[PDB]
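Lettering of chains follows the sequences in order, A, B, ..., and the numbering in each one begins at 1.
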Number of protein chains: 4
Amino acid sequence: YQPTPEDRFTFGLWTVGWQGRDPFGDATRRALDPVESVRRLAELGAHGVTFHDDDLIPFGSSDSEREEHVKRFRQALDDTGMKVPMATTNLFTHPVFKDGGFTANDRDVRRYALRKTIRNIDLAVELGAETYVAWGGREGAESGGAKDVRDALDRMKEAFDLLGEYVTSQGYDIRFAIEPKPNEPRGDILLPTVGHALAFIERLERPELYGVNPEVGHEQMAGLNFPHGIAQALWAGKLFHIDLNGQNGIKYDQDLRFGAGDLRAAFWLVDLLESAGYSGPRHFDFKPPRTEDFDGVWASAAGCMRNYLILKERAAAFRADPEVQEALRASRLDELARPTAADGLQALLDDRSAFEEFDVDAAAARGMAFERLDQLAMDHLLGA
Amino acid sequence: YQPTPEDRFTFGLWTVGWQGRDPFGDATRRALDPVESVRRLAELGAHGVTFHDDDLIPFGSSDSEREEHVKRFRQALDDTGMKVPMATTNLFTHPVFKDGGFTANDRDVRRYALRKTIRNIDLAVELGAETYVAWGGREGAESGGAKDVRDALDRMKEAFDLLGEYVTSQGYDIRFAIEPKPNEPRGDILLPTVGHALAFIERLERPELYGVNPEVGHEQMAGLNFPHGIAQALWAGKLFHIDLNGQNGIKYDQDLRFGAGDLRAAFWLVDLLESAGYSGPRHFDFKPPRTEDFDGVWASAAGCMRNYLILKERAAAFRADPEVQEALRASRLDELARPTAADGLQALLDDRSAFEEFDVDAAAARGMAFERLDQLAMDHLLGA
Amino acid sequence: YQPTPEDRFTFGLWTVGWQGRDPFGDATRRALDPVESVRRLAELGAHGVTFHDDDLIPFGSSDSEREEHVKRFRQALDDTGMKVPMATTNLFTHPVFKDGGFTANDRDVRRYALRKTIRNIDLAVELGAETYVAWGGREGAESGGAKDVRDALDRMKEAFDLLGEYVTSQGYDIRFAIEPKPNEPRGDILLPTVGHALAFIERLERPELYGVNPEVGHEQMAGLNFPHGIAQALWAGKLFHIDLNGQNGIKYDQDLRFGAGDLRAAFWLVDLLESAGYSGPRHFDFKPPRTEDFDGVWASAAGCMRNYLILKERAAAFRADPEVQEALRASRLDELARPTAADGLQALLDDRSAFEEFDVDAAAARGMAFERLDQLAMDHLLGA
Amino acid sequence: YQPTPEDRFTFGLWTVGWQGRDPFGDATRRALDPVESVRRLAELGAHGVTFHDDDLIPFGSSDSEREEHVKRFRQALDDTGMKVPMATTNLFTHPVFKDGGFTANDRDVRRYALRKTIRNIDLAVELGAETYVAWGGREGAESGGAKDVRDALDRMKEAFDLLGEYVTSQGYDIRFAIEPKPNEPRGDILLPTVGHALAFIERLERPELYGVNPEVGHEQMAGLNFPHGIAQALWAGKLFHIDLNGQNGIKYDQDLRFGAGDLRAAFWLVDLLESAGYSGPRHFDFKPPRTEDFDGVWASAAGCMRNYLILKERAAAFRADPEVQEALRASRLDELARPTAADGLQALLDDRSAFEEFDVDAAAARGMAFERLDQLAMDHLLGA
Ligand SMILES: [Mg+2]
Ligand SMILES: [Mg+2]
Ligand SMILES: [Mg+2]
Ligand SMILES: [Mg+2]
């Protein structure tokens, strides 16, 4: 279960580089130079790294400082063969964004958020990123009067529409992926789930340029089934990136390493990504716990990739098992895939076997055999 | 705070008629004749009643029994002046639907679900209903292998598309409202939130025929902000019906009377419905607690309407208060409503006040004044 | 991973016998004769069965009917070698208990609840049960004025004290195990967690006669860590019974088969029970999903036992691995087990290495190595 | 609804002094001198202030710096008439406590935690505090192998026992109040609820010296009913302090001003505190949202006190209303307060009206009238 860059595992700079500051605690680790993280991740068998503008270039940097930071980073990428598939903007840390970036009540802040983002899209393209993530983590409210959500959605559409116009105007080959989260750090966040984000995207001027970036833990913070949400995204053709991590239920955003948290959901996720042939990178957005030193940091990142690979093997063995293929037919998963009424409406209305002569009790007496199927899945996961 | 039929308050038959059976308990009340509920609700000042096919006509009824049940019901409606604005199908109670109706793995069940629904659409139109609700409460799974969600969404689209073709083919003036719920009775339910349902609707062959029917408690069972979700539905133009009730947090679906549960969220909901000029009926989907006798049943229903009316008065007084109007400007709610960049992209890119000369620290130092605003809202709610 | 009666696996009659009625659905299975469940469970390798009074003897039964039901049941137990380690009373199903049994506001109901329970304690002793469970599932409220919780706790203490006096007065060798649940079917249930129940027990007249019966799913419905709660119960010496099942997070009580739900928590539970040498039976309180026929019922029950046995093997291999024993020392689990100050208070106050000369920064720089340890645990669970 | 120091409202220094740093954000406010907070709070009508050692004296301070900080603080208290009823130790912020204070796996850290606490108990007594709070916010784990909870509870008992021995040995008049929290910042925290903390306390060498300090939001983060928990604490005689704030459901710890969050639960809490005659201070542990400037900070604190006072008036009017007193009798709240069997066990066993002649159906048919009662409570809360 050794990763190679062929597995397309990617990590944010802000993941392994998290210093360990939390709402109740100071940093437990020193800051990492992005150069050293590139090198360390490459040695573990990662394929690439991603970044927020402010992870790579300190906020307030001069043109000349900005150029140096990027130069050094590009040299580490060239020294290792690491790629940058994705970038994103920090619209959440600085106090100016305390009420939002794109949906800040202050219009001047909204304009500044757009300009900060556009500056970073140019950088992303320069580094070869083809996906640009937006996580509106400050877009929302703690109280009901502070934000009119209809006006905010108008502002959010206008921002995303302006970005689309920009990338179109530059001829850039980049698409956007909107990252939903239900809460934290705001009391409630706008576009709280994959579904709200998919629906929002269908109202944009150029919907083909935008997809979702679902994160395991964010959906699980609302008690939702992350595999189900990913399936809806895939069904829609809008899964443009994915963030992998662990989460133990409905609480603060834990960002555990992928595989920790809800292990069976992590199995069904890998099963789905692999069976759908998802072609994007397997991106980890996690935090090594503040209890850890740097050795524990690199062990944590390695564990993300290892767990993916074990689950990939177990899911592949599950689908390939003749006994599972038989159970899947016993549970009528093959019938779920057939059209309900390819014969058409009128034929359905004229079919007495669909109503007048349908034996509801015999249909009702047929067991689904789902427990046998699920026990086979558990035996495969556990290698029993 | 006395309701009149002008207030357009409606109730499901299955609400006041709930006998009190729960997963751990037998019925505590006898069955109500829909005639008696019509009369009792009219006396309390309700405007109308709604129904599942099986609330009005016992499952398995002959043509002649079906005709009698409907006759008697129509006579109560004519005796009282009560309307039927909405109907829906029961695709959840009978054992045949144990794995779904429209997304049952068994294709024969899917065809029967469609036919049962189409039969009830004809009845609804006959009674004057202009909205038809669909709550796929059995559509989902307890385990990951039992349902391929992409195949299920294909089946769900095909069902809703067939229904749309039917109503179009009959020239009926009725629209559909899809009711999301995240779980219960399935482990996870397909289209779990307002957002997932809005996004689904945009993939149907005739999206204009379908909206959402959000229910207070269903969104709150995922820890989501129900006013925020309603605002997104309104923004989309897809709020085709609403279900009002109470819920105390993330647990089983309580169906408390509207006003119980999350009282401040109920205030911000009424504020939003009234300020948006929502024109649909104020429909209550609640259960009088099994502790209650019939006197408590009618008190519970009366309390739904009373609480709405009190909250309507308090929200209206909040928005009309000059001191609140001033606080709203202090918090820049007027600025949230202005376009971010009506000047256009190029002008935003050339505006140095948006970036090079933007004073981020002075912007950041400006307080939002949201606590003053929220305390005014609390003072109004409480009449302090 | 084949169970034998030596493994001491037990099942409630109401588990495999659940007909599949839920709040939104009719029964999907016919009723099982307790005789047939005894036989079927014995064939699967169970050790015993447990019961509510009303699972074994229909409510309202004559003396002569009651005698026949018990006779037949005793014959199945004698035919199979199955034991009855535990019984309990149904104080929740019948409408009379709609506001409680022991804490019903109506005093006459409280007296009847006591008498119904005492009648069943005599039966339990007759069948050889040494543990008597009490689950006050109706003890609680949907609204704040309906129950004064201090008066209710007085009533609950008086009931448990009366029961203690009874068993003492009869010389019976039986102890009680109070089963906490945070909600469902009441809005909030009294003694909602293991902790509330442990604390309550310390106020009873004879605390040695009472322990807790924690259930996996009940603690998880409050988002609590079930292994942690069990460790507190063990630390207190009050783990008198345990109920094993699965639950996917904070939602209605799912009662999935043990092993489904939170798989890693199920691993750490088995690890703890086995390492503490818990000597009680491994009791399953689960419901085969209503999707299943009887073949699926027996597969579900078999899966409970199989999953326990797989997890027992994986936890045993984890603790026995020299590399895990080394990681446990690297993480200072051996130091957690040593007394903080066996030297005494005065020596701690006079120890400059504890304060004036304590190097806080060198202590703070030491990593805990918890991610390495946890990845070893994950590798063992998965057999990687 | 103007507070006076007679109302005994208290605030932590760390409340109004919170700079606004969160897991995703930098500080939005400058640091407050504790002198200025004392003055500002006194002007708003607060009675007192509380503190962590590190809120008043910067970590690492010399003896001479420590003396100056305390001097200045004492001068503000003398200038205003503000009291210090309570203090507590910071065992969570500094990196040295990343795995705990009293239950850190490293024994040297455990000894340092004790000494840091003992130093602050001496200060507290010097300032006149009679309650000392302990919030073990780092005591817990993100993973199952990192903490053996039985060993940790042994360490926690030993620490609390040592503290008890210290205060006894000094003749100090101070008691301890243990503050439960279910999670955050640890994945799961030891003693997660009021119940776990009450039960723990009964195992200490001198249980009379320890009580609980329940916080509204902490219980609500587990979805528990905070009034119910407070009633159990009162019933036990262990409510030694209380922390008041707001929380909207199961999510990260919001620390909203008291009255925001779950408004009806805040009503039933005040009802209970006032009706039980709780004599401790009404302590607010909240954070003014980071959106606010200092004007919003003082408005937020004022709003805590105002909301308490409004709710106190509404609860008092509810209990004093003859129509509510009648409803309370209709719902048999008077009967809940009577002993179930003051006649004794033998008389209960010989009473045929408790079993053989008990009419279960007539008992079952009696409605509880709880909805009428609850609507009266809602009308009072809203002043309708
Ligand atoms: Mg992310
Ligand atoms: Mg509904
Ligand atoms: Mg149980
Ligand atoms: Mg606190």
Side-chain angles (χ1 to χ4, degrees), chain A residues 95-96 99 105-112 114-115 143-146 148-153 155 158 162 165-166 188 192-193 195-196 198-199 202 222-225 228 231-232 234-235 250 268 331-333 335-341 345 348 354-355 358 360 363-364 368 370 373-374 377, chain B residues 95-96 99 105-112 114-115 143-146 148-153 155 158 162 165-166 188 192-193 195-196 198-199 202 222-225 228 231-232 234-235 250 268 331-333 335-341 345 348 354-355 358 360 363-364 368 370 373-374 377:
Chain A
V96 75
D99 186 42
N105 282 0
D106 288 306
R107 175 170 179 278
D108 57 359
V109 173
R110 311 194 287 274
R111 295 174 68 82
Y112 172 71
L114 281 167
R115 287 299 299 283
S143 53
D148 177 293
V149 172
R150 293 187 291 164
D151 293 329
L153 292 165
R155 298 298 78 77
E158 178 181 12
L162 288 164
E165 171 178 2
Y166 182 73
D188 292 287
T193 75
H196 293 81
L198 296 169
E202 293 311 314
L224 299 178
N225 176 312
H228 287 198
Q232 185 168 348
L234 285 168
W235 181 73
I250 299 178
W268 290 116
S331 293
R332 283 86 86 201
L333 274 300
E335 282 201 30
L336 180 64
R338 304 201 273 279
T340 298
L345 177 62
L348 172 59
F355 194 72
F358 180 56
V360 298
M368 303 310 312
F370 292 152
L373 177 60
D374 193 59
Chain B
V96 75
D99 186 42
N105 282 0
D106 288 306
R107 175 170 179 278
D108 57 359
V109 173
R110 311 194 287 274
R111 295 174 68 82
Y112 172 71
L114 281 167
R115 287 299 299 283
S143 53
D148 177 293
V149 172
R150 293 187 291 164
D151 293 329
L153 292 165
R155 298 298 78 77
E158 178 181 12
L162 288 164
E165 171 178 2
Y166 182 73
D188 292 287
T193 75
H196 293 81
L198 296 169
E202 293 311 314
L224 299 178
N225 176 312
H228 287 198
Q232 185 168 348
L234 285 168
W235 181 73
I250 299 178
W268 290 116
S331 293
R332 283 86 86 201
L333 274 300
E335 282 201 30
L336 180 64
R338 304 201 273 279
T340 298
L345 177 62
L348 172 59
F355 194 72
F358 180 56
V360 298
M368 303 310 312
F370 292 152
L373 177 60
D374 193 59

Pick one of side chain, backbone, both or neither for A:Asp108, based on which atoms fall under 4.5 Å of a heavy atom in chain B.
-> both
In terms of heavy-atom proximity below 4.5 Å to chain B, should A:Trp235 be classed as side chain, backbone, both, or neither?
-> both
If you count heavy-atom pairs under 4.5 Å with chain B, which of A:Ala199, A:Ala231, A:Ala363, A:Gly144 comes out on top?
-> A:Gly144
Heavy-atom distance under 4.5 Å to chain B: side chain of A:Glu165, backbone, both or neither?
-> both
Mind ranking A:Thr193, A:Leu373, A:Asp374, A:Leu153 by heavy-atom pairs under 4.5 Å with chain B and telling me who comes out on top?
-> A:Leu153
Nearest-0.5 Å distance, CZ of residue A:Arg338 to CZ of residue B:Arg110 | 8.0 Å
Could you tell me which non-hydrogen atom of A:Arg107 sits nearest to which non-hydrogen atom of B:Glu335, and how far apart they are?
-> N-OE1, 2.9 Å
Roughly how far apart are B:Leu198 CG and A:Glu202 CD, rounded to 0.5 Å?
-> 11.5 Å
Which distance, rounded to the nearest 0.5 Å, do you find between the CE of B:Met368 and the CG of A:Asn105?
-> 4.5 Å
Interatomic distance, A:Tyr166 atom OH to B:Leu345 atom CG [nearest 0.5 angstrom] | 8.0 Å
Portion of A:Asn225 that has a non-hydrogen atom of chain B nearer than 4.5 angstrom = both
Okay, A:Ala146 and chain B: the region with an atom under 4.5 Å from a heavy atom over there is both
Out of A:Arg332, A:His228, A:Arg111, which one racks up the most heavy-atom pairs below 4.5 Å with chain B?
-> A:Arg111
Would you please classify the geometry between the A:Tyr112 ring and the B:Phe355 ring as parallel, tilted or perpendicular, with 30° and 60° separating the classes?
-> parallel
Rounded to the nearest 0.5 Å, how far does CG of A:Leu336 lie from CG of B:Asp106?
-> 10.0 Å
Assert top hit (heavy-atom pairs under 4.5 Å, partner chain B, pool A:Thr340, A:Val149, A:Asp188) equals A:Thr340
Check: B:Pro339 main-chain N/O paired with A:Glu158 side-chain donor or acceptor under 3.5 Å | no
In terms of heavy-atom pairs under 4.5 Å with chain B, which of A:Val96, A:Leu348, A:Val360 leads?
-> A:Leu348
Please state whether the side chain, the backbone, both or neither of A:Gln232 comes within less than 4.5 Å of a heavy atom of chain B.
-> both
